[PDB]
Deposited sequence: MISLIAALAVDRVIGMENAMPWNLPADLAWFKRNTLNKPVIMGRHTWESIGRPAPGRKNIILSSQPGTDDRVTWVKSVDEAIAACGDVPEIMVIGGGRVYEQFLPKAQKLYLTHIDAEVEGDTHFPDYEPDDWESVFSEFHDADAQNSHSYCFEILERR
């Protein structure tokens, strides 16, 4: 199966020109928990923003610039490069999420209570086509700049 994992500010914002204006170590821990040793697919810009022991698949139209990871030129090649595995984790960014959302069966979302002026958004998903199977709210605290909610949705 294919899953997407993403951190969304209000209005589904996921990315900006520069680093995001927040500090959310709990979201990093959650991202690690749900990726671990599974294959990851990402776009070239996310890659520029590796883990041995797992397949790291980078989408780019151009030849790769780092032999430590696996470079592919199409969505079909990316899926093929992950092999037969229980779960493929698509970790960004916006262009890559848009292409894999119709193929995905699971979304792992972090809803962040922050308003940020961004240039990249998570794709529109119809909540009626998705079943929320897990949700967990957390307050901002000494380590996390904003409140945040972890949610897992499975496709209906």
Non-modelled portions of the deposited polymer sequence, in sequence order: 50 to 52
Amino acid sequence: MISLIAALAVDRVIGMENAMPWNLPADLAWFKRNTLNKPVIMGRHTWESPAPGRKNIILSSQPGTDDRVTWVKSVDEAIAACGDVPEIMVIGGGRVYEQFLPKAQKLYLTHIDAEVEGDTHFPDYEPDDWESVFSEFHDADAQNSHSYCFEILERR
From here on, numbers count along this sequence of modelled residues.
123 to 131 or 52 to 60, whichever carries the higher mean Cα B-factor: 123 to 131
Between the two ranges 22 to 30 and 38 to 46, the one averaging a larger CA B factor in the entry: 22 to 30
Member of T70, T110, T65, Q99 with the greatest C-alpha B factor (per the PDB record): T65
Highest-ranked of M1, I5, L153, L8 once sorted by CA temperature factor in the record: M1
Position of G92 among the chain's modelled residues by C-alpha B-factor, lowest, middle or highest third: lowest
Third of the chain, ranked by Cα B-factor, where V13 sits: lowest
Cα B factor band for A78 (lowest, middle or highest third within the chain): lowest
